[PDB]
Each structure stands twice: as structure tokens, then as C-alpha cells.
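Report on the following structure.
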Amino acid sequence: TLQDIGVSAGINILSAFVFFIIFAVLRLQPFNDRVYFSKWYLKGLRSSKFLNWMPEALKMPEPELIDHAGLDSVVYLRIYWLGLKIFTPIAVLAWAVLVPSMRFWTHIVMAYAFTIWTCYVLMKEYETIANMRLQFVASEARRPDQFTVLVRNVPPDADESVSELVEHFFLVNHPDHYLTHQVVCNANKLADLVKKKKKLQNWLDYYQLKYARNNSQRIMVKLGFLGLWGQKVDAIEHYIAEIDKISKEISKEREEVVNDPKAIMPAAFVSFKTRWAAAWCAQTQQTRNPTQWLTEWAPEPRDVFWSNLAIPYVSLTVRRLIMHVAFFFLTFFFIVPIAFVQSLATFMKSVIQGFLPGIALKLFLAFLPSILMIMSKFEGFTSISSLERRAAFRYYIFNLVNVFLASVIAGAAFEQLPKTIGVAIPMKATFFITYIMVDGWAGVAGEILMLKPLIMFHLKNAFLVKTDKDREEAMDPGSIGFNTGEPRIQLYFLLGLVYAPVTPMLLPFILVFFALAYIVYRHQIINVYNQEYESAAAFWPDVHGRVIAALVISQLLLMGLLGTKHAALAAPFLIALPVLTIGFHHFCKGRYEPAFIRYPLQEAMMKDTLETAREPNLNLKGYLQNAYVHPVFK
């Protein structure tokens, strides 16, 4: 309750302030600059009154920040500014209209204005992001992707190899445009192998340094309880035998994979002389039969998820269905722990009653993004970007169904002791506020520390590093974590929209979270979070659709909420909201999303002509030949 609300808020804010103190203290430490400044290091800019950095983050203006970091990161940062802009006027206007009858039409017009302002700011920022994407891609440098494309589902032929097939096909179809062809290799088991070799070499290095320190004994083979099947106290010879065997294993794998007809799938990489050729051919249904020669734009060379490549195309739909069903069952299963958590939300002892449930919830939700990651790993998308897309989608679905609906249902049920659900709904605001403060303020004030990378790096250096220059690749700070970033704020958007016309005080905490997250993530993206891939901000439409769905769901649940005073005779105003919303969405889509999903062919003319004018004498063929060949054995 209110007292517990204040106590939990205080404990969270003090924890966050202590987190800032720790961040500053370790920040000034001189022997860990390698970590908290991964950037300026992968960019090669550095080598070797107590909160001053706070505004220091805000400089380095937006075009400059784009140059420093990258577009998609800028958009992700922009998300928070979007949200704060959306909810500030809504917050103040509602807060003014807190009359604690006329309230019915009051909330009705309040929600109408809320939605109209929301869609207005949405479309405005949508156009702005469209323009900045256009400018960014226009000013973009050359990458091998923009003149090649992925192709899939080529009909098989017993006599002619796939190379001859594709050569004949594209010479007939697009003469004077074809450049080269690359055949996919189905040796992912060798990739698992080379990962194993890396891990074993890492182990052997550890035991080598340890034995150099002093002679020791080891009997725990990665399990302790199920350790070595004996003593094997020395075990260096064990790894020597292992590396010998695996060396002959990889040598063999080479000598058959260089001659395996089975290593080829009905898919390949083809490159064209001009971007326009790529668009015209691979962007459009290429043949008369739409069931073969299936093509879409190629991923970045470092985006190629080679493991997924070995999935037969016929089986992916079956995989999709099986995975969708398994997803529904997993959401079913994880209802019960959440129900436990909410039931925990039932005198100075009640401080833990208000506090713990959010923490516990977060702990049972810590794993789930990883499960969704693997889940998409079994999915077929072949590009870590698209994996991020789908994973975020799944996380949204799970959070919406469980953390919101299941929680409110459980709260109402445990409160009940048919005409009571309406008065039940708003009361869960306290629970949601607590969950927000916890999984937000504290969580961000912690993840600013990068405890896990920091500890990993320090243990690596003190206990595992053998020479120098190996620190440099040792930093793997990880990307922004889109699968975790986008959906959390998406959920907050949903909650704000739903509870705004019923419960105002949810909003200011949301504003606090938005501000702190904006500034902290800005600092991070300035100094850490090297981006593993750089898409053309292609994810934005998904966010737009998600927020639209959020708004319409908020409207519909509000309509349900006004079922308290039965038949207020204003329902047909709540009926117009969804149709207007969906019409707005469809119009926005058909009017602007081509600028994202399609690549402007006129812009292709401009870019290719400018490239030709600035350099008509580039041997681009050899530059593009060896791309998309192989991760390890190029």
C-alpha cells in the first residue's frame, strides 16, 4: 500500500544512488580503463561535482553521434525520447483532471485526446526517422552486401551442379549484370568442432599456467560431482590426446568436405553489377513459378548465422508450427510462478510484502530472453538481425499475456473473497509501480556497471591471459541487447496507455524511468556496446505496429472498464476508436513503410552513378569474390 509504496520507492532509489556511487568509484580506477571504454578502443582513440559526466553525455550531437556509433543505436536511443514526449503532456493533463457521473464522459474525452496526440507524435517521429534513414543510407560507405543478394530454393538437377544451374539461369535472365556465385556449405558440424577446439585450447592454457605456477591435481571434468572417471590429476596429456584426435578429425573433415556433394543446398550467394539490378531481380518475384529461386536481400557477412543455413526450406514451416505450439505451452506453464508472485501481494513488516514480489518476478524472468533466443535459433531466419526481430516479438507476446493479463486476473481472484472485475482492475497499479521501479531504476543503475563483462575480463587477465594484444579481442561487451531493450519499454508503453485514463500516478515513475534510462543508455552507447551488426534501422516498423496494438488494446480494455455503470450510452464512441486507429495504421503503412522495406531504385541510380563517377576503375569483382565463402576455412 501507500506506505509500502513509499518504502519500496525509497529502497530502490537509495540502491540506485549507491549503484551510481559504485559506478563512479570504479570508473575513476586507472587499471580498468580497458573495460569502461571499449569504444575509443575498437575505434583506436585511447590507450592505457562527483557526477560531472551526467550532462557530459548529452553533447556529441545527433549526426555526430551517428557517425560515432551507428544508426540503429541512435533510433533505439530515440525510443525513450519518443516515450517521454508522448507521456509528458498526457501526464500533466490527466494530473490536472484528477477529480476524485460526469467522470464517464470526462475519461472518454481524455482518452480520445490521449490517443489523438499519441498518433500525431507517432506519425511525426515516423516521418523524421524515415528522412534520417534516407540520409544515412545515402551517405553510407560501401559494404559487400549492397551488391549481392541471398537466393534460395533452386530446383535440383542430377547432372548439372548448382553453380552451372545458377550461371545459366542468370545469364538468361540478367545478362551483363551477373558478377559471381557462392555455394552454401553444409559443414556446421565443423563449426561446432572448431568451437570445441577453441574451448579445449582455453582449458589447456588455464591448466598450463596453473601447472607453471605449481604442480596440481584435477579430478572434476566440468561437473565436480561427475568429474574425472578416476583421478587424472595431471590431465595435460588428456588434452594433448584430445587435441591430437580433433586435429585429425578436422583434417578429415576438410578432405571430405572439399569433395562432398552433400555439402550443397538449393541456395547460394549471387552478386550483381549494380544495386538497381539487385533490386529489380531479387526484390521482385523472379520466375513465373513462385515456388523456386526464392530470394531476399543478403545479410551482412558478420550477420550470416551459418548454423541456421543447414535447415531444409521445406521443413521450416513445420518447424514454425511446432515452435508456435511449444511457445503457447511454455506461456501456459510459466503462469503458475507468476500467480505465486502475485499472490505474495496480499504492519511495518509489509514493507517486504510490497518490495519482494517485483524482485522475485524479475528473477524468474531473467532466463526467459535466453530461452527465446534459443527458440529463435531453432527458427529459420539466418540473420542475427531477424533473430533479434522475432525474439523481441515473442517476448512482447509473452509479457503482454502473462505479466499484465495473468497478473491482473490473479490479483482480482485473490482479492475477491462478475460485477467486481472493474473495481478490481485499477488496484493492481501498486503492484505494477513496484515492478517498474525494481526492474527499471535498480536494473539500469546496475547494468551501467557491466559487472558480468568486467569480472569476466579481470578473471581472464589475471588467470587466463598469456600474452599481450589478446586483451583487445577479449572485450565482448555485447550489443545494445535489443531483445531486452525494446520490449521492456514497449511493456511500459502498454501499461501507461492502459492505466492513464484510470490511474495517473503510474505516469511520473514512468517518466523517471524514461529519463534515467535515456541518459544512462546514452552514456553506454557512447562508450560501450559495440554493435555486432548495422541494419538500416529496419526494426522500426515493428515498434510502430507494437505501439499501435498497445494503444488499441488500451482503448478496448478501457471500454470494458466503463462497464461499471452498466450501459453508460457512450460505448459507440469507444467503438470508433479502434477503427480510426487501424485506419491510421494502414494509411501510415501504405504511405511510408516502403521507404524501409523497399530500397529506392532511383536512389540506386544516384548511388551507382556517383560511385561510377568517383571511381570508374575499381576491381570490385575480386573484392566481392571472397566474401560469403566460409567463417573458418575461407
Open item on the list: Within segment 542-561, take every residue that is surrounded by fewer than 18 Cβ atoms within 10 Å (Cβ to Cβ) and of a type outside the set (A, V, I, L, M, F, W, C) and give me the one that is farthest from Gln146 (Cα to Cα).
Closed with: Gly560
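Picking from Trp81, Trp95, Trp40, which residue would you name as being under 27 Å from the mean Cα position of the chain (by Cα), of a type in the set (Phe, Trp, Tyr) and in a helix (DSSP H, G or I)? Please lay out each step first, then the result.
Numbers: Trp95 fails: under 27 Å from the mean Cα position of the chain (by Cα); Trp40 fails: in a helix (DSSP H, G or I).
Matching residue, one of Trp81, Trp95, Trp40: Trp81.
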TODO: Among residues belonging to segment 64-121 that are β-branched (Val, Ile, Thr) and in contact with a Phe, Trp or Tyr (Cβ under 7 Å, 6 or more places away or on another chain), point out the one that is surrounded by the most Cβ atoms within 10 Å (Cβ to Cβ).
DONE: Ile90
- [ ] Please tell me if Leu356 is out of contact with any helix residue (DSSP H, G or I) (no Cβ under 7 Å at 6 or more places or on another chain), assigned by TED's automatic domain parsing to the domain that holds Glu415 and either crowded, with 18+ Cβ neighbours inside 10 Å or not small (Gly, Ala, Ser) (or both).
- [x] no
Task: Residue that is in contact with a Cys (Cβ under 7 Å, 6 or more places away or on another chain), among the hydrophobic types (A, V, I, L, M, F, W, C) and in a helix (DSSP H, G or I), where the choices are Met123, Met132 - done: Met123
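Go through segment 607-622 and report how many residues are part of a helix (DSSP H, G or I) and either among the acidic types (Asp, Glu) or surrounded by 13 or more Cβ atoms within 10 Å (Cβ to Cβ) (or both). Step through it out loud before you land on a result.
The first filter runs over segment 607-622 and keeps only residues part of a helix (DSSP H, G or I), leaving 607-614, 620-622.
If we keep only those that are either among the acidic types (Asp, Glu) or surrounded by 13 or more Cβ atoms within 10 Å (Cβ to Cβ) (or both) too, we end up with 607-608, 611, 620.
Qualifying residue count for the region: 4.
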TODO: For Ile219, work out the one condition from (1) surrounded by 14 or more Cβ atoms within 10 Å (Cβ to Cβ); (2) not in a helix (DSSP H, G or I) it doesn't fulfil.
DONE: (1)
Task: Filter result (within 18 Å of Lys199 (Cβ to Cβ) and either aliphatic (A, V, I, L, M) or surrounded by fewer than 11 Cβ atoms within 10 Å (Cβ to Cβ) (or both)) within segment 227-236 - done: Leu228, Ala235, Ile236
- [ ] Select from segment 623-634 the residues that are surrounded by 12 or more Cβ atoms within 10 Å (Cβ to Cβ) and either of a type in the set (A, V, I, L, M) or more than 16 Å from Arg275 (Cβ to Cβ) (or both) and list them in ascending order.
- [x] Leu624, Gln625, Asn626, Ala627, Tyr628, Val629, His630, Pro631, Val632, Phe633
- [ ] Would you point out the residue of segment 483-498, among those that are of a type in the set (S, T, N, Q) and under 11 Å from the mean Cα position of the chain (by Cα), that is nearest to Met427 (Cα to Cα)?
- [x] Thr484
Task: Of all residues in segment 323-342 being among the β-branched types (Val, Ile, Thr) and within 23 Å of the chain's Cα centre (by Cα), the one that is nearest to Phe431 (Cα to Cα) - done: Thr331
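Being of a type outside the set (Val, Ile, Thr), in a helix (DSSP H, G or I) and at negative phi is the requirement here; does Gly545 meet it?
Details: of a type outside the set (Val, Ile, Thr): yes; in a helix (DSSP H, G or I): yes; at negative phi: yes.
Here the answer is yes, as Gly545 does meet what is asked.
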- [ ] Would you please list the contacts, defined by Cβ atoms under 9 Å and residues six or more apart or on different chains, that run from a residue in segment 384-395 that is outside the structural domain of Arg546 (by TED's automatic domain parsing) to a residue that is among the aliphatic types (A, V, I, L, M) and surrounded by 24 or more Cβ atoms within 10 Å (Cβ to Cβ)?
- [x] none
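Positions of Cβ are generated from backbone atoms using ideal geometry, with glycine treated the same way; all protein chains shown enter the neighbour counts. Basis: the model, the stated rules and, where named, an outside source; nothing here is a laboratory result.
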